[PDB]
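What's in target-v1.cif: mmCIF, C-alpha atoms and all ligand atoms
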data_input
loop_
_atom_site.label_atom_id
_atom_site.label_comp_id
_atom_site.auth_asym_id
_atom_site.auth_seq_id
_atom_site.Cartn_x
_atom_site.Cartn_y
_atom_site.Cartn_z
CA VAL J 5 -9.22 -52.52 4.36
CA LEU J 6 -12.91 -51.75 3.91
CA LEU J 7 -15.08 -51.03 6.89
CA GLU J 8 -17.26 -54.14 7.22
CA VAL J 9 -21.05 -54.04 7.77
CA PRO J 10 -22.97 -54.63 9.84
CA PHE J 11 -20.95 -53.01 12.67
CA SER J 12 -22.78 -54.58 15.59
CA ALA J 13 -25.51 -57.21 16.21
CA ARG J 14 -26.49 -55.51 19.47
CA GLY J 15 -29.99 -54.05 19.40
CA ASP J 16 -29.81 -52.22 22.71
CA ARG J 17 -27.20 -49.55 22.01
CA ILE J 18 -26.07 -47.60 18.96
CA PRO J 19 -22.35 -47.93 18.30
CA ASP J 20 -20.40 -44.69 18.84
CA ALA J 21 -19.01 -45.10 15.32
CA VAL J 22 -22.30 -44.13 13.65
CA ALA J 23 -22.08 -40.55 14.95
CA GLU J 24 -18.41 -40.51 13.85
CA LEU J 25 -19.19 -41.74 10.38
CA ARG J 26 -22.27 -39.54 9.85
CA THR J 27 -20.50 -36.25 10.49
CA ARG J 28 -17.33 -36.87 8.51
CA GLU J 29 -18.44 -39.40 5.91
CA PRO J 30 -22.26 -39.52 5.58
CA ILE J 31 -21.69 -41.68 2.48
CA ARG J 32 -18.88 -44.20 2.94
CA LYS J 33 -17.57 -47.31 1.11
CA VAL J 34 -18.08 -50.52 3.09
CA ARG J 35 -17.89 -54.25 2.48
CA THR J 36 -20.90 -56.52 3.02
CA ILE J 37 -21.06 -60.13 4.28
CA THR J 38 -21.00 -61.38 0.68
CA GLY J 39 -17.72 -59.49 0.05
CA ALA J 40 -19.49 -56.92 -2.14
CA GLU J 41 -18.66 -53.24 -2.01
CA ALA J 42 -21.39 -50.77 -1.03
CA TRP J 43 -22.11 -47.20 -0.18
CA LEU J 44 -23.39 -46.86 3.40
CA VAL J 45 -25.51 -43.71 3.83
CA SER J 46 -25.93 -42.38 7.39
CA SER J 47 -27.32 -38.82 7.57
CA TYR J 48 -31.00 -37.88 7.50
CA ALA J 49 -30.45 -35.73 4.42
CA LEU J 50 -28.63 -38.36 2.35
CA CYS J 51 -30.84 -41.22 3.57
CA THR J 52 -33.97 -39.31 2.53
CA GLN J 53 -32.38 -38.38 -0.80
CA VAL J 54 -31.70 -42.01 -1.56
CA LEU J 55 -35.15 -43.28 -0.50
CA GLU J 56 -36.98 -40.52 -2.43
CA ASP J 57 -35.09 -41.20 -5.69
CA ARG J 58 -36.73 -44.11 -7.50
CA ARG J 59 -33.60 -44.58 -9.63
CA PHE J 60 -32.17 -46.17 -6.48
CA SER J 61 -34.13 -49.34 -7.15
CA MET J 62 -35.32 -52.08 -4.80
CA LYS J 63 -36.32 -54.39 -7.67
CA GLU J 64 -32.86 -54.28 -9.23
CA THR J 65 -31.09 -55.37 -6.08
CA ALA J 66 -32.23 -58.83 -7.23
CA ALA J 67 -30.50 -58.41 -10.65
CA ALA J 68 -28.13 -61.24 -11.55
CA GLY J 69 -24.55 -60.36 -10.81
CA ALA J 70 -25.55 -57.31 -8.75
CA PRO J 71 -23.46 -56.67 -5.66
CA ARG J 72 -25.45 -58.07 -2.75
CA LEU J 73 -25.99 -57.12 0.87
CA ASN J 74 -26.79 -60.79 1.61
CA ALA J 75 -28.01 -63.97 -0.07
CA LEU J 76 -31.55 -64.13 -1.43
CA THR J 77 -33.84 -66.26 0.68
CA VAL J 78 -36.76 -65.79 -1.79
CA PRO J 79 -37.13 -66.09 -5.59
CA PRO J 80 -35.60 -63.04 -7.32
CA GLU J 81 -39.00 -61.86 -8.59
CA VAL J 82 -40.39 -61.78 -5.02
CA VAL J 83 -37.99 -58.93 -4.17
CA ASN J 84 -40.37 -56.87 -6.33
CA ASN J 85 -43.42 -58.12 -4.45
CA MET J 86 -45.09 -54.75 -3.87
CA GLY J 87 -44.67 -53.87 -7.60
CA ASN J 88 -46.18 -57.20 -8.62
CA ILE J 89 -49.11 -56.47 -6.26
CA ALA J 90 -49.68 -53.09 -7.90
CA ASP J 91 -49.39 -54.61 -11.42
CA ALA J 92 -51.82 -57.40 -10.53
CA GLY J 93 -54.33 -54.71 -9.43
CA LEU J 94 -54.24 -55.86 -5.79
CA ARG J 95 -52.73 -52.81 -4.02
CA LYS J 96 -55.59 -50.93 -2.35
CA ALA J 97 -57.05 -54.35 -1.52
CA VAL J 98 -53.90 -55.55 0.28
CA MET J 99 -53.56 -52.23 2.06
CA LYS J 100 -57.21 -52.28 3.13
CA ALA J 101 -56.90 -55.78 4.66
CA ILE J 102 -53.92 -54.96 6.84
CA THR J 103 -55.34 -51.82 8.53
CA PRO J 104 -55.71 -51.98 12.32
CA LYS J 105 -59.22 -50.48 11.97
CA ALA J 106 -60.83 -53.83 10.99
CA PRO J 107 -63.91 -54.58 13.11
CA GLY J 108 -62.88 -56.26 16.36
CA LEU J 109 -59.19 -56.25 15.53
CA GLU J 110 -57.86 -53.81 18.13
CA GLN J 111 -59.95 -55.47 20.87
CA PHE J 112 -58.54 -58.85 19.77
CA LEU J 113 -55.01 -57.42 20.01
CA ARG J 114 -55.82 -56.05 23.46
CA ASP J 115 -57.38 -59.25 24.78
CA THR J 116 -54.54 -61.33 23.30
CA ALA J 117 -51.89 -59.11 24.94
CA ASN J 118 -53.71 -59.30 28.24
CA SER J 119 -54.11 -63.09 28.08
CA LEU J 120 -50.45 -63.66 27.28
CA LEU J 121 -49.55 -61.37 30.16
CA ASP J 122 -51.94 -63.10 32.61
CA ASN J 123 -50.32 -66.47 31.69
CA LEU J 124 -46.86 -65.10 32.42
CA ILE J 125 -48.06 -63.68 35.75
CA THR J 126 -49.46 -67.12 36.64
CA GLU J 127 -46.24 -68.98 35.67
CA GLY J 128 -44.21 -66.58 37.87
CA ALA J 129 -41.15 -64.48 37.11
CA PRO J 130 -38.92 -64.69 35.28
CA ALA J 131 -40.79 -64.39 32.01
CA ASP J 132 -39.44 -64.28 28.50
CA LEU J 133 -40.99 -61.24 26.83
CA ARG J 134 -39.82 -62.16 23.36
CA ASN J 135 -40.83 -65.77 23.03
CA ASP J 136 -43.78 -65.68 25.42
CA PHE J 137 -45.16 -62.16 24.72
CA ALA J 138 -44.01 -60.10 21.75
CA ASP J 139 -43.62 -62.86 19.18
CA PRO J 140 -46.85 -64.69 20.15
CA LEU J 141 -48.73 -61.35 20.04
CA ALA J 142 -47.25 -60.71 16.56
CA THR J 143 -48.14 -64.17 15.39
CA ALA J 144 -51.73 -64.05 16.75
CA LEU J 145 -52.21 -60.67 15.11
CA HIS J 146 -51.07 -61.79 11.71
CA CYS J 147 -53.17 -64.95 11.72
CA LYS J 148 -56.17 -62.70 12.37
CA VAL J 149 -55.08 -60.18 9.75
CA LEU J 150 -54.57 -62.89 7.13
CA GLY J 151 -57.77 -64.69 8.13
CA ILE J 152 -56.10 -68.02 8.78
CA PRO J 153 -56.61 -70.28 11.81
CA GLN J 154 -54.63 -69.34 14.94
CA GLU J 155 -53.35 -72.91 15.26
CA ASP J 156 -51.61 -72.54 11.83
CA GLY J 157 -49.49 -69.63 13.10
CA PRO J 158 -46.71 -71.51 15.00
CA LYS J 159 -45.65 -73.51 11.97
CA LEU J 160 -45.52 -70.51 9.61
CA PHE J 161 -43.59 -68.82 12.43
CA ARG J 162 -41.06 -71.66 12.42
CA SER J 163 -39.71 -70.64 9.04
CA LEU J 164 -38.81 -67.13 10.13
CA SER J 165 -35.51 -67.76 11.98
CA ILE J 166 -34.15 -68.89 8.59
CA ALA J 167 -36.22 -66.86 6.09
CA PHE J 168 -34.99 -63.64 7.58
CA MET J 169 -31.33 -64.61 7.83
CA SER J 170 -28.70 -62.23 6.49
CA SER J 171 -26.28 -64.82 5.08
CA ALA J 172 -23.14 -64.63 2.96
CA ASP J 173 -24.28 -67.79 1.11
CA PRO J 174 -27.47 -69.43 -0.16
CA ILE J 175 -29.53 -71.31 2.44
CA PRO J 176 -30.94 -74.68 1.49
CA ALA J 177 -33.54 -74.60 4.31
CA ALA J 178 -34.90 -71.25 3.05
CA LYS J 179 -36.04 -72.81 -0.22
CA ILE J 180 -37.58 -75.87 1.50
CA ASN J 181 -39.52 -73.70 3.95
CA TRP J 182 -40.56 -71.23 1.24
CA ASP J 183 -41.99 -74.00 -0.91
CA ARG J 184 -43.95 -75.54 1.97
CA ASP J 185 -45.31 -72.18 3.08
CA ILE J 186 -46.31 -71.28 -0.48
CA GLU J 187 -48.13 -74.63 -0.80
CA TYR J 188 -49.90 -73.94 2.53
CA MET J 189 -51.09 -70.56 1.30
CA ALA J 190 -52.24 -72.00 -2.03
CA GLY J 191 -54.39 -74.42 -0.01
CA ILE J 192 -55.77 -71.54 2.02
CA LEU J 193 -56.86 -69.79 -1.21
CA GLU J 194 -59.08 -72.75 -2.13
CA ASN J 195 -60.40 -73.34 1.38
CA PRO J 196 -63.99 -72.05 1.35
CA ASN J 197 -63.89 -71.61 5.12
CA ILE J 198 -61.38 -68.77 4.65
CA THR J 199 -63.64 -65.78 4.24
CA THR J 200 -61.99 -63.08 6.37
CA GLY J 201 -58.80 -61.02 6.36
CA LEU J 202 -56.24 -60.68 3.59
CA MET J 203 -56.50 -64.29 2.40
CA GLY J 204 -60.36 -64.17 2.40
CA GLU J 205 -60.16 -61.05 0.25
CA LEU J 206 -57.48 -62.45 -2.09
CA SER J 207 -59.34 -65.76 -2.34
CA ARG J 208 -62.50 -64.20 -3.71
CA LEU J 209 -60.55 -62.00 -6.14
CA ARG J 210 -58.98 -65.28 -7.29
CA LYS J 211 -62.47 -66.70 -8.03
CA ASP J 212 -63.05 -63.55 -10.15
CA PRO J 213 -62.11 -64.19 -13.83
CA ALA J 214 -61.16 -60.49 -14.13
CA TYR J 215 -58.08 -61.64 -12.12
CA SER J 216 -57.36 -64.57 -14.48
CA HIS J 217 -54.03 -63.01 -15.45
CA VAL J 218 -52.97 -63.18 -11.76
CA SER J 219 -51.17 -66.45 -11.04
CA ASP J 220 -51.88 -68.60 -8.02
CA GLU J 221 -48.21 -68.24 -7.12
CA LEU J 222 -48.48 -64.44 -6.67
CA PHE J 223 -51.63 -64.66 -4.54
CA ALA J 224 -49.87 -67.25 -2.33
CA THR J 225 -46.60 -65.23 -2.26
CA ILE J 226 -48.54 -62.24 -0.94
CA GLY J 227 -49.75 -64.30 2.04
CA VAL J 228 -46.34 -65.74 2.87
CA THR J 229 -44.53 -62.41 2.39
CA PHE J 230 -46.96 -60.31 4.47
CA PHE J 231 -47.16 -62.85 7.32
CA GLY J 232 -43.40 -63.07 7.54
CA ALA J 233 -42.61 -59.35 7.12
CA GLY J 234 -45.27 -58.37 9.60
CA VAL J 235 -44.55 -60.99 12.22
CA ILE J 236 -40.79 -60.51 12.10
CA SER J 237 -41.03 -56.72 12.03
CA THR J 238 -43.65 -56.27 14.80
CA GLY J 239 -42.32 -58.98 17.10
CA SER J 240 -38.73 -57.73 16.73
CA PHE J 241 -39.65 -54.10 17.14
CA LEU J 242 -41.82 -54.64 20.21
CA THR J 243 -39.10 -56.78 21.80
CA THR J 244 -36.36 -54.17 21.52
CA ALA J 245 -38.81 -51.32 22.34
CA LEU J 246 -39.53 -53.16 25.58
CA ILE J 247 -35.77 -53.17 26.34
CA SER J 248 -35.67 -49.41 25.60
CA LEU J 249 -38.63 -48.83 27.93
CA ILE J 250 -37.32 -51.09 30.69
CA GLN J 251 -34.03 -49.14 30.64
CA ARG J 252 -35.97 -45.89 31.16
CA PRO J 253 -37.96 -46.45 34.36
CA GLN J 254 -39.21 -42.85 34.59
CA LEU J 255 -40.57 -43.12 31.07
CA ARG J 256 -42.15 -46.44 32.00
CA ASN J 257 -43.75 -44.74 34.98
CA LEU J 258 -44.87 -41.68 32.99
CA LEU J 259 -46.63 -43.78 30.34
CA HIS J 260 -48.22 -45.96 33.02
CA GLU J 261 -49.58 -42.76 34.60
CA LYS J 262 -50.42 -40.89 31.38
CA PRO J 263 -51.38 -43.60 28.86
CA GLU J 264 -52.57 -40.90 26.43
CA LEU J 265 -48.85 -40.33 25.73
CA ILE J 266 -48.27 -43.98 24.82
CA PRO J 267 -48.64 -43.27 21.08
CA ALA J 268 -46.01 -40.47 21.39
CA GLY J 269 -43.85 -42.86 23.41
CA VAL J 270 -44.12 -45.56 20.73
CA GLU J 271 -43.28 -43.04 18.01
CA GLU J 272 -40.03 -42.16 19.88
CA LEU J 273 -39.31 -45.87 20.46
CA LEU J 274 -39.72 -46.32 16.68
CA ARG J 275 -37.34 -43.43 16.03
CA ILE J 276 -34.56 -44.84 18.25
CA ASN J 277 -35.17 -48.49 17.28
CA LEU J 278 -32.25 -50.66 16.19
CA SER J 279 -34.33 -53.63 14.99
CA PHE J 280 -33.11 -53.47 11.35
CA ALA J 281 -29.70 -55.17 11.34
CA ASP J 282 -28.59 -53.80 7.98
CA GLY J 283 -29.13 -50.67 5.90
CA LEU J 284 -31.97 -50.82 3.39
CA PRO J 285 -30.52 -51.99 0.07
CA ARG J 286 -30.98 -50.25 -3.27
CA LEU J 287 -29.21 -50.57 -6.60
CA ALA J 288 -28.38 -47.44 -8.59
CA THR J 289 -29.94 -47.63 -12.09
CA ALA J 290 -28.05 -44.51 -13.22
CA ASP J 291 -25.02 -42.50 -12.14
CA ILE J 292 -26.26 -40.36 -9.29
CA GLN J 293 -24.51 -37.83 -7.08
CA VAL J 294 -25.02 -38.49 -3.37
CA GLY J 295 -23.09 -36.09 -1.13
CA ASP J 296 -19.44 -36.00 -2.16
CA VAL J 297 -19.84 -39.37 -4.00
CA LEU J 298 -20.91 -40.20 -7.57
CA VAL J 299 -22.68 -43.50 -7.13
CA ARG J 300 -22.31 -45.41 -10.40
CA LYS J 301 -24.98 -47.38 -12.19
CA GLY J 302 -25.03 -50.94 -10.85
CA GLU J 303 -23.61 -50.06 -7.39
CA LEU J 304 -25.21 -51.05 -4.10
CA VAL J 305 -26.32 -48.39 -1.61
CA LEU J 306 -27.29 -49.13 2.01
CA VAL J 307 -29.58 -46.68 3.83
CA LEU J 308 -28.76 -46.90 7.51
CA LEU J 309 -31.99 -46.11 9.32
CA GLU J 310 -30.41 -45.36 12.69
CA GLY J 311 -28.01 -43.05 10.85
CA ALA J 312 -30.97 -40.88 9.89
CA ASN J 313 -32.94 -41.39 13.07
CA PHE J 314 -30.15 -40.35 15.46
CA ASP J 315 -29.05 -37.41 13.27
CA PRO J 316 -29.01 -34.28 15.52
CA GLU J 317 -29.35 -32.08 12.41
CA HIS J 318 -32.95 -33.31 12.22
CA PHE J 319 -33.69 -34.61 15.73
CA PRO J 320 -32.09 -32.45 18.47
CA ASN J 321 -30.93 -34.48 21.53
CA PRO J 322 -31.31 -37.57 19.35
CA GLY J 323 -30.47 -40.15 22.03
CA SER J 324 -33.23 -38.83 24.27
CA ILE J 325 -36.87 -39.86 24.19
CA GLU J 326 -38.80 -36.62 24.06
CA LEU J 327 -42.59 -36.84 23.85
CA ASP J 328 -43.12 -33.27 22.69
CA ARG J 329 -41.16 -33.22 19.42
CA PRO J 330 -42.83 -31.03 16.75
CA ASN J 331 -42.44 -33.49 13.83
CA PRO J 332 -42.35 -36.83 15.68
CA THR J 333 -43.37 -39.06 12.82
CA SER J 334 -40.63 -37.87 10.47
CA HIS J 335 -38.23 -40.67 11.40
CA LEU J 336 -37.37 -43.38 8.86
CA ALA J 337 -38.36 -46.47 10.89
CA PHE J 338 -40.96 -47.35 8.25
CA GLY J 339 -38.84 -46.11 5.35
CA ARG J 340 -39.83 -43.38 2.89
CA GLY J 341 -41.08 -42.95 -0.63
CA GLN J 342 -42.13 -45.70 -3.00
CA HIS J 343 -41.53 -48.53 -0.57
CA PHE J 344 -42.90 -46.94 2.64
CA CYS J 345 -44.04 -49.74 4.95
CA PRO J 346 -47.64 -50.75 4.08
CA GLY J 347 -48.04 -52.11 7.60
CA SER J 348 -46.99 -48.99 9.51
CA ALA J 349 -50.44 -48.28 10.99
CA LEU J 350 -50.75 -51.87 12.19
CA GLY J 351 -47.15 -51.80 13.47
CA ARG J 352 -47.91 -48.76 15.60
CA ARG J 353 -51.08 -50.28 17.03
CA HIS J 354 -49.40 -53.65 17.82
CA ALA J 355 -46.72 -51.87 19.85
CA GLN J 356 -49.10 -49.33 21.42
CA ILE J 357 -51.52 -51.99 22.63
CA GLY J 358 -48.72 -54.38 23.69
CA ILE J 359 -46.97 -51.70 25.74
CA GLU J 360 -50.20 -50.40 27.28
CA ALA J 361 -51.14 -53.95 28.39
CA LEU J 362 -47.71 -54.63 29.72
CA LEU J 363 -47.51 -51.39 31.72
CA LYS J 364 -50.93 -52.03 33.31
CA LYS J 365 -50.18 -55.67 34.21
CA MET J 366 -46.48 -55.32 35.08
CA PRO J 367 -45.93 -51.76 36.13
CA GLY J 368 -42.71 -52.80 37.88
CA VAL J 369 -41.24 -54.64 34.86
CA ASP J 370 -37.44 -54.81 34.83
CA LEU J 371 -34.72 -57.01 33.33
CA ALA J 372 -34.21 -60.21 35.38
CA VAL J 373 -30.64 -60.68 34.07
CA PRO J 374 -27.80 -58.23 33.46
CA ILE J 375 -28.16 -56.58 30.05
CA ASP J 376 -24.85 -58.12 28.87
CA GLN J 377 -26.33 -61.62 29.40
CA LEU J 378 -28.79 -61.14 26.52
CA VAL J 379 -27.82 -63.28 23.49
CA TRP J 380 -27.95 -61.24 20.29
CA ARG J 381 -29.01 -63.11 17.19
CA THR J 382 -26.28 -62.92 14.57
CA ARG J 383 -26.40 -62.89 10.74
CA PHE J 384 -30.08 -62.01 10.80
CA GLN J 385 -32.11 -59.21 9.16
CA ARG J 386 -33.16 -58.02 12.60
CA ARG J 387 -31.35 -57.39 15.86
CA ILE J 388 -33.08 -59.25 18.64
CA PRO J 389 -32.14 -61.02 21.85
CA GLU J 390 -32.90 -64.73 21.73
CA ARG J 391 -34.69 -64.42 25.10
CA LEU J 392 -35.76 -61.36 27.06
CA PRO J 393 -35.92 -62.36 30.78
CA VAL J 394 -37.91 -60.00 33.00
CA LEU J 395 -39.35 -59.76 36.48
CA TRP J 396 -41.98 -57.38 37.86
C1 LIG G 1 -42.86 -51.96 13.85
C2 LIG G 1 -43.27 -52.71 12.83
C3 LIG G 1 -42.64 -52.52 11.43
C4 LIG G 1 -41.49 -51.90 11.07
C5 LIG G 1 -40.44 -51.18 11.91
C6 LIG G 1 -41.35 -52.01 9.61
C7 LIG G 1 -40.33 -51.50 8.84
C8 LIG G 1 -40.32 -51.47 7.45
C9 LIG G 1 -39.42 -50.74 6.61
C10 LIG G 1 -38.26 -49.90 7.10
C11 LIG G 1 -39.75 -50.96 5.32
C12 LIG G 1 -39.08 -50.37 4.04
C13 LIG G 1 -38.08 -51.33 3.41
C14 LIG G 1 -37.35 -50.68 2.29
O1 LIG G 1 -37.71 -49.56 1.84
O2 LIG G 1 -36.38 -51.32 1.77
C15 LIG G 1 -40.88 -51.85 5.33
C16 LIG G 1 -41.50 -52.34 4.23
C17 LIG G 1 -42.43 -53.32 4.22
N1 LIG G 1 -43.18 -53.76 5.29
FE1 LIG G 1 -42.94 -53.07 7.19
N2 LIG G 1 -42.40 -52.76 9.14
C18 LIG G 1 -43.24 -53.05 10.19
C19 LIG G 1 -44.42 -53.73 10.13
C20 LIG G 1 -44.98 -54.33 9.04
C21 LIG G 1 -46.22 -55.09 9.00
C22 LIG G 1 -47.16 -55.24 10.21
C23 LIG G 1 -46.34 -55.54 7.75
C24 LIG G 1 -47.48 -56.37 7.11
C25 LIG G 1 -48.40 -56.98 7.86
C26 LIG G 1 -45.21 -55.07 6.98
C27 LIG G 1 -44.99 -55.35 5.67
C28 LIG G 1 -44.09 -54.75 4.88
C29 LIG G 1 -43.92 -55.02 3.47
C30 LIG G 1 -44.66 -56.07 2.61
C31 LIG G 1 -42.85 -54.07 3.04
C32 LIG G 1 -42.27 -53.96 1.63
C33 LIG G 1 -42.93 -52.79 0.93
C34 LIG G 1 -42.34 -52.58 -0.45
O3 LIG G 1 -41.50 -53.41 -0.89
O4 LIG G 1 -42.80 -51.62 -1.09
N3 LIG G 1 -44.37 -54.33 7.79
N4 LIG G 1 -41.25 -52.12 6.63
#
Take the structure in this file and express it as structure tokens.
Ligand code: HEM
Amino acid sequence: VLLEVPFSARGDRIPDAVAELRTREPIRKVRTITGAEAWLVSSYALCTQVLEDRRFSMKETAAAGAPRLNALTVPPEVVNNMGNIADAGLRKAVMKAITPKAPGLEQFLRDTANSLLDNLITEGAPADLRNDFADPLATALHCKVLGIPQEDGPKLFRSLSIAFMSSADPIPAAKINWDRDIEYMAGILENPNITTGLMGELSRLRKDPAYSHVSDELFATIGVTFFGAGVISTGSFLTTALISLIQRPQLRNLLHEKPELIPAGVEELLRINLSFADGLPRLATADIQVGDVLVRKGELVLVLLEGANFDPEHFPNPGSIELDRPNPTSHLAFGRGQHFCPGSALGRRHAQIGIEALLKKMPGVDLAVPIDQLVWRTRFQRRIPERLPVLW
């Protein structure tokens, strides 16, 4: 019987099995939720090998009849979204619009984190740091980044509990939501009041006849895809980083006292983060040797990020947060190679600012329920608790 993936929906603790698997079988046959076979890769060396070799293709994971990690929740072409962006001549533009350096942006993040936190302090403990802090901070950020009205955020957010499912079967709601969100974005592109952020930029490139080969659909897809990827990734990461920090009171206290180390703290929280529920999928486009396995053309490979990130061969004392590591950014939390996360800078600043605000307003933050009372979302592309009850 094949080892089934994923092993655990819990985002607070790495299963003991990962260390077992990594040492003895850093590439191992598994079965996914669709019933497909796959190669799960779990050492830093093999994970990096896979991500650095472009013949392990992201685009081709959408190929018809390919073994699948999970059901598509987007059109097959949209799996190649970053490639379409590059081909449309929109790459450095997209990347420029999603940098945290934008005028006023970091102060907006800061003031938004502090306002959310003041509201929670007024309502009284317990507070839910996912639904009433991390996710709203993520959503407010991405509305600003995209240049769309803040009041439009909640509804785009609504789609995400389905869009980012990791399902054995197709999801009818995913298509309905996708089509509505695409239509919304299309409308944003023609709205002359939208002059800032990613959509403001994309909108004026759309008016340019030099971009006449670029469909309206792709422009709109970029907005929907970046909003969703950024909101789900930042909100989910911050949420489970807060659990990591809460469980390490002396770290909490150290960062509160020495906020200059908060970036180093966040980098370690990224390294040990369990937010990705599944390995990153790739399809082999050739026969390629990975460890003791010849991966065959057409086979699915899953790059287990926490495999690499907890690998003591690369990170000594891997379960420990150490702020003085010599190569602290070398984890795979943002991936590697061709598909390295284009939002990584913004991801770091969202978490840095969110944590700094929280530590200053709630220096005594702690869980308000036993950790085993958290409800872990299942069959989802991220590991998150439904609610994160705290007191302070
Ligand atoms: C802590 C926050 C974040 C984490 C941990 C994270 C993680 C990742 C990872 C691991 C990948 C690589 C996927 C792969 O190679 O298969 C990725 C790619 C991606 N991320 Fe992020 N991400 C974060 C924030 C963001 C933000 C803020 C945005 C946009 C606003 C974003 C947009 C994207 C997009 C569009 C891709 C696909 C790139 C491609 O296909 O080439 N992410 N992210």
Once you count only C-alpha atoms and all ligand atoms, what closest atom pair and distance in Å to one decimal does each residue of chain J within 7 Å of ligand LIG 1 (chain G) have, with rows by chain and rising residue number, as CSV?
residue,atom,partner,partner_atom,distance
J:62,CA,G:LIG1,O2,6.7
J:84,CA,G:LIG1,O3,6.5
J:85,CA,G:LIG1,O3,6.2
J:86,CA,G:LIG1,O4,4.8
J:102,CA,G:LIG1,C25,6.0
J:146,CA,G:LIG1,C25,6.7
J:229,CA,G:LIG1,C30,6.3
J:230,CA,G:LIG1,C24,4.8
J:231,CA,G:LIG1,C25,6.0
J:233,CA,G:LIG1,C27,4.9
J:234,CA,G:LIG1,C21,3.5
J:235,CA,G:LIG1,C22,6.6
J:237,CA,G:LIG1,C3,4.5
J:238,CA,G:LIG1,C2,4.1
J:241,CA,G:LIG1,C1,5.1
J:242,CA,G:LIG1,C1,7.0
J:274,CA,G:LIG1,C5,6.8
J:284,CA,G:LIG1,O2,4.7
J:285,CA,G:LIG1,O2,6.1
J:336,CA,G:LIG1,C10,6.8
J:337,CA,G:LIG1,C10,5.1
J:338,CA,G:LIG1,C10,3.9
J:339,CA,G:LIG1,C10,4.2
J:340,CA,G:LIG1,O1,6.6
J:342,CA,G:LIG1,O4,6.3
J:343,CA,G:LIG1,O4,3.4
J:344,CA,G:LIG1,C12,5.3
J:345,CA,G:LIG1,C16,3.7
J:346,CA,G:LIG1,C28,5.4
J:347,CA,G:LIG1,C21,3.8
J:348,CA,G:LIG1,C19,5.4
J:350,CA,G:LIG1,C22,5.3
J:351,CA,G:LIG1,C2,4.0
J:352,CA,G:LIG1,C1,6.2
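The neighbours of residue 315 (chain J) here are the residues that come within 7 Å of it, using all atoms listed in the file and leaving out any residue fewer than 6 positions away in the same chain; they are residues 47, 48 and 322 of chain J.
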When you look at residue 361 (chain J) with a cut-off of 8 Å (counting all atoms listed in the file), what residues show up, excluding the ones that are within fewer than 2 positions of it in the same chain? I need them as a PyMOL selection string.
chain J and resi 114+117-118+121+357-359+363-365
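Here CA of residue 107 (chain J) and CA of residue 360 (chain J) stand 20.2 Å from one another.
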12 Å contact set for residue 91 (chain J), all atoms listed in the file, chain neighbours under 2 positions out, as a ChimeraX atom specification:
/J:84-89,93-96,215,217-219,222
Shell around residue 362 (chain J) at 12 Å using all atoms listed in the file, local window under 4 positions removed, as a PyMOL selection string
chain J and resi 114-122+124-125+133+137-138+141+242-243+246+249-250+256-257+259-260+263+266+355-358+366-370+394-396
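If you measure from each of J:172, J:123, J:54, J:25 to residue 136 (chain J) using all atoms listed in the file, the closest one turns out to be J:123.
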